[PDB]
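Single-structure report; data block below.
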Amino acid sequence: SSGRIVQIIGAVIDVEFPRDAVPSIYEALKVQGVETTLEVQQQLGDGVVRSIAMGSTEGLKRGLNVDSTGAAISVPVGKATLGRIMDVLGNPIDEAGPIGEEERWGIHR
Amino acid sequence: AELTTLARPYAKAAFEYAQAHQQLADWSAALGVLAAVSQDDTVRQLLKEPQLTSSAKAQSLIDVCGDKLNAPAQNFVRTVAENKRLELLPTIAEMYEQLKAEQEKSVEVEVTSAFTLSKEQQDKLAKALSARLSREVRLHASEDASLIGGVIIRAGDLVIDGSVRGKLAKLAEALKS
Amino acid sequence: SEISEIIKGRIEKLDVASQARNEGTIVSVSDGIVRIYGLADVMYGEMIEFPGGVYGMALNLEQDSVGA
């Protein structure tokens with residue numbers, strides 16, 4: 001189930017979720033209608049989680065809906081990554097199109 | 001912070017609404033019942049559980065009070081619960097009565113005496129206090145064998161001591177010097 | 001008092017869940033610190049057992065919660 005943004009101070013964003021659907025530590029969340037990803041850093045209690053944005057906060061507002069992805073930030077791995085330029089989330093930042101990935105791995109281990 | 005510093009906005013908001021709608025009596029009963037109910041040992045425990053949401057704490061407290069809360073008083077309990085201040089209810093009721101007492105021009109007075117004082121003497125004391133306080137005084141007489149005679153009056157921070165115990169202390173302080 | 005028999009009668013129907021003195025519930029999790037509600041009988045320096053075989057130690061016995 002989805003949560004809602006309740007507070008924004010600098011790069012740190014607080015999101016409130018139903019008490020039976022609170023996301024795990026380091027889980028990746030996606031803001032609806034905006035190209036921004038959040039990584040959960042702490043569970044504050046009362047269904048609230050504190051997170052850091054993986055994109056610019058200029059387009060964010062309080063009350064925006066947030067979706068839990070069920071896993072940590074996952075990036076493409078193996079032979080397909082050679083000769084390519086990528087961002088923190090594993091997206092190609094060169095103009096050579098989508099990466100021919102066959103497997104994805106979580107960044108926390 | 002002092003509980004009084006946190007309950008002042010809520011007590012003031014409830015008093016202004018109750019005064020503007022002529023509901024001063026109704027809110028004294030609503031706040032009084034919420035204060036009493038919020039302090040019972042099973043409700044005191046339910047209002048501290050980590051799994052209940054603010055809305056469930058408010059709804060539970062509203063269902064227990066039932067008919068002793070009008071629609072405005074229910075909106076007030078939901079506001080106090082959403083702001084996470086349900087522990088202030090006893091202090092909110094206490095501060096609401098202070099605003100109501102000063103609006104009605106009345107004062108509550110505590111009295112302690114060596115022996116039981118008769119109705120004629122209570123009215124004689126009340127008359128004088130009402131004249132200096134320029135308010136309708138309401139005495140609360142009580143017994144204290146510690147005094148050897150006289151009475152001790154207290155109205156807020158004002159304390160008038162006419163007991164012989166106080167006179168014996170003044171005599172001591174004047175001779176010990 | 002203000003607690004009428006009706007009010008007293010309604011309070012007895014509340015689903016107030018009893019907490020054993022040796023049990024608690026995790027309230028918040030951050031940077032290796034776990035804050036717990038309950039655990040009324042826990043001693044300073046005692047081991048706490050969590051789900052999945054994880055263990056912690058009680059270091060802050062505060063008035064409203066245990067910091068482990």
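In the structure tokens, each chain is lettered A, B, ... as it comes, each chain's residues begin at 1, and ligands are numbered from 1 in order of appearance.
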Residues of chain C were defined as contacting chain A if any atom lay at most 6 Å from it, counting only C-alpha atoms; please report them as a list in words.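 Putting it all together, I get residues 27, 28, 29 and 30 of chain C.
The neighbours of residue 104 in chain A here are the residues that come within 7 Å of it, using only C-alpha atoms and leaving out any residue fewer than 6 positions away in the same chain; they are residues 74, 75, 76 and 77 of chain A.
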Expected file: the selected residues, N, CA, C and O atoms, as a PDB file, in the first residue's frame:
```pdb
ATOM      1  N   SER A  74      18.277  -1.459  -6.813  1.00  0.00           N
ATOM      2  CA  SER A  74      18.838  -2.546  -7.623  1.00  0.00           C
ATOM      3  C   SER A  74      19.388  -2.040  -8.949  1.00  0.00           C
ATOM      4  O   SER A  74      18.672  -1.398  -9.712  1.00  0.00           O
ATOM      5  N   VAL A  75      20.642  -2.367  -9.254  1.00  0.00           N
ATOM      6  CA  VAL A  75      21.385  -1.882 -10.433  1.00  0.00           C
ATOM      7  C   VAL A  75      21.783  -3.017 -11.379  1.00  0.00           C
ATOM      8  O   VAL A  75      21.934  -4.152 -10.924  1.00  0.00           O
ATOM      9  N   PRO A  76      21.928  -2.764 -12.692  1.00  0.00           N
ATOM     10  CA  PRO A  76      22.315  -3.791 -13.649  1.00  0.00           C
ATOM     11  C   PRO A  76      23.767  -4.208 -13.435  1.00  0.00           C
ATOM     12  O   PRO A  76      24.611  -3.376 -13.116  1.00  0.00           O
ATOM     13  N   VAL A  77      24.073  -5.484 -13.647  1.00  0.00           N
ATOM     14  CA  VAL A  77      25.414  -6.051 -13.453  1.00  0.00           C
ATOM     15  C   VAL A  77      25.819  -6.998 -14.586  1.00  0.00           C
ATOM     16  O   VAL A  77      24.985  -7.468 -15.359  1.00  0.00           O
TER      17      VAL A  77
END
```
Find the residues near residue 25 in chain B: any atom within 12 Å, counting only C-alpha atoms, skip ones fewer than 2 places away on the same chain, and give them as a list in words.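 In the requested form, the answer reads residues 14, 15, 18, 19, 21, 22, 23, 27, 28, 29, 30, 31, 32, 96, 97, 100, 101 and 104 of chain B.
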Writing out the chosen residues with N, CA and C atoms as a PDB file, in the first residue's frame:
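Writing done, so here's result-v9.pdb:
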```
ATOM      1  N   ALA B  14     -11.471  26.575  23.366  1.00  0.00           N
ATOM      2  CA  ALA B  14     -12.716  25.996  23.855  1.00  0.00           C
ATOM      3  C   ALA B  14     -13.574  27.046  24.575  1.00  0.00           C
ATOM      4  N   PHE B  15     -12.962  27.924  25.372  1.00  0.00           N
ATOM      5  CA  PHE B  15     -13.680  29.001  26.048  1.00  0.00           C
ATOM      6  C   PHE B  15     -14.252  30.027  25.063  1.00  0.00           C
ATOM      7  N   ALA B  18     -17.256  28.320  23.263  1.00  0.00           N
ATOM      8  CA  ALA B  18     -18.344  28.127  24.208  1.00  0.00           C
ATOM      9  C   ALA B  18     -19.014  29.457  24.559  1.00  0.00           C
ATOM     10  N   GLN B  19     -18.251  30.538  24.712  1.00  0.00           N
ATOM     11  CA  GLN B  19     -18.803  31.855  25.002  1.00  0.00           C
ATOM     12  C   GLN B  19     -19.570  32.418  23.794  1.00  0.00           C
ATOM     13  N   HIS B  21     -21.156  30.911  21.399  1.00  0.00           N
ATOM     14  CA  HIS B  21     -22.372  30.133  21.153  1.00  0.00           C
ATOM     15  C   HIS B  21     -23.243  29.947  22.410  1.00  0.00           C
ATOM     16  N   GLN B  22     -22.918  30.620  23.518  1.00  0.00           N
ATOM     17  CA  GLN B  22     -23.623  30.543  24.808  1.00  0.00           C
ATOM     18  C   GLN B  22     -23.710  29.120  25.403  1.00  0.00           C
ATOM     19  N   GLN B  23     -22.710  28.280  25.139  1.00  0.00           N
ATOM     20  CA  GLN B  23     -22.588  26.891  25.598  1.00  0.00           C
ATOM     21  C   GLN B  23     -21.647  26.733  26.808  1.00  0.00           C
ATOM     22  N   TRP B  27     -19.902  22.865  27.841  1.00  0.00           N
ATOM     23  CA  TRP B  27     -18.477  22.572  27.739  1.00  0.00           C
ATOM     24  C   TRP B  27     -17.846  22.278  29.095  1.00  0.00           C
ATOM     25  N   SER B  28     -18.334  22.847  30.200  1.00  0.00           N
ATOM     26  CA  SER B  28     -17.791  22.525  31.531  1.00  0.00           C
ATOM     27  C   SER B  28     -18.039  21.051  31.879  1.00  0.00           C
ATOM     28  N   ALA B  29     -19.171  20.495  31.440  1.00  0.00           N
ATOM     29  CA  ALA B  29     -19.523  19.101  31.646  1.00  0.00           C
ATOM     30  C   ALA B  29     -18.747  18.184  30.688  1.00  0.00           C
ATOM     31  N   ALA B  30     -18.600  18.577  29.421  1.00  0.00           N
ATOM     32  CA  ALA B  30     -17.845  17.814  28.429  1.00  0.00           C
ATOM     33  C   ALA B  30     -16.369  17.701  28.833  1.00  0.00           C
ATOM     34  N   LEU B  31     -15.754  18.838  29.127  1.00  0.00           N
ATOM     35  CA  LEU B  31     -14.319  18.849  29.481  1.00  0.00           C
ATOM     36  C   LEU B  31     -14.125  18.068  30.779  1.00  0.00           C
ATOM     37  N   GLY B  32     -14.968  18.281  31.790  1.00  0.00           N
ATOM     38  CA  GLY B  32     -14.911  17.573  33.067  1.00  0.00           C
ATOM     39  C   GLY B  32     -14.993  16.052  32.929  1.00  0.00           C
ATOM     40  N   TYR B  96      -9.959  25.906  31.637  1.00  0.00           N
ATOM     41  CA  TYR B  96     -11.252  26.353  31.125  1.00  0.00           C
ATOM     42  C   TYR B  96     -12.098  26.933  32.268  1.00  0.00           C
ATOM     43  N   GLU B  97     -12.089  26.295  33.439  1.00  0.00           N
ATOM     44  CA  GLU B  97     -12.812  26.785  34.616  1.00  0.00           C
ATOM     45  C   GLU B  97     -12.267  28.132  35.095  1.00  0.00           C
ATOM     46  N   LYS B 100     -13.717  30.750  32.696  1.00  0.00           N
ATOM     47  CA  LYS B 100     -15.152  30.840  32.982  1.00  0.00           C
ATOM     48  C   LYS B 100     -15.412  31.582  34.294  1.00  0.00           C
ATOM     49  N   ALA B 101     -14.643  31.314  35.347  1.00  0.00           N
ATOM     50  CA  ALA B 101     -14.791  31.980  36.638  1.00  0.00           C
ATOM     51  C   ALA B 101     -14.544  33.486  36.526  1.00  0.00           C
ATOM     52  N   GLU B 104     -17.575  35.089  34.597  1.00  0.00           N
ATOM     53  CA  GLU B 104     -18.753  35.189  35.470  1.00  0.00           C
ATOM     54  C   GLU B 104     -18.513  36.055  36.724  1.00  0.00           C
TER      55      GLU B 104
END
```
For residue 66 in chain A, list every protein, DNA or RNA residue within 12 Å, evaluated using only C-alpha atoms, and leave out those in the same chain fewer than 5 positions away; present the list as an MDAnalysis selection string. chainID A and resid 1:6 13:18 22:23 28:40 49 51 60:61
Determine which residues of chain B sit within 10 Å of chain C, taking into account only C-alpha atoms, and present them as a ChimeraX atom specification. /B:29-30,32-37,40,42-43,45-51,60-61,63-68
From the list A:19, A:9, A:79, A:72, which residue is nearest chain B when using only C-alpha atoms?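 Looking at the shortest contact to chain B, the residue is A:19.
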Range 18-135 of chain B: which residues are strand (DSSP E or B) by DSSP, as a JSON list (two decimals) with C-alpha atoms, in the first residue's frame?
```
[["chain", "number", "residue", "atom", "x", "y", "z"],
["B", 106, "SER", "CA", -16.57, 34.58, 40.66],
["B", 107, "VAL", "CA", -13.69, 33.39, 42.93],
["B", 108, "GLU", "CA", -13.07, 30.03, 44.66],
["B", 109, "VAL", "CA", -11.71, 30.45, 48.25],
["B", 110, "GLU", "CA", -10.14, 27.76, 50.48],
["B", 111, "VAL", "CA", -10.61, 28.16, 54.28],
["B", 112, "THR", "CA", -9.03, 26.18, 57.17],
["B", 113, "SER", "CA", -9.99, 26.64, 60.86]]
```
Using only C-alpha atoms for the distances, tell me which of B:84, B:7, B:139, B:73 is nearest to chain A.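 Looking only at the distances to chain A, the closest residue turns out to be B:84.
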Residues of chain C in helix (DSSP H, G or I), written as a list in words: residues 5, 6, 7, 8, 9, 10, 11, 51, 52 and 53 of chain C
Save out the residues we just selected, C-alpha atoms, as a PDB file, in the first residue's frame.
```
ATOM      1  CA  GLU C   5     -22.350   3.839  35.672  1.00  0.00           C
ATOM      2  CA  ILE C   6     -22.971   4.105  31.887  1.00  0.00           C
ATOM      3  CA  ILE C   7     -19.448   5.519  31.403  1.00  0.00           C
ATOM      4  CA  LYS C   8     -18.055   2.833  33.790  1.00  0.00           C
ATOM      5  CA  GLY C   9     -20.082   0.159  31.915  1.00  0.00           C
ATOM      6  CA  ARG C  10     -18.642   1.303  28.507  1.00  0.00           C
ATOM      7  CA  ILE C  11     -15.020   1.335  29.799  1.00  0.00           C
ATOM      8  CA  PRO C  51      12.353 -12.352  15.800  1.00  0.00           C
ATOM      9  CA  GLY C  52      14.665 -14.325  13.452  1.00  0.00           C
ATOM     10  CA  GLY C  53      17.270 -15.107  16.206  1.00  0.00           C
TER      11      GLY C  53
END
```
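Take CA of residue 11 in chain B and CA of residue 92 in chain B: the distance between them is 5.1 Å.
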Hey, what's within 10 Å of residue 160 in chain B if we count only C-alpha atoms and toss same-chain stuff fewer than 4 positions away? As a ChimeraX atom specification, please? /B:111,151-155
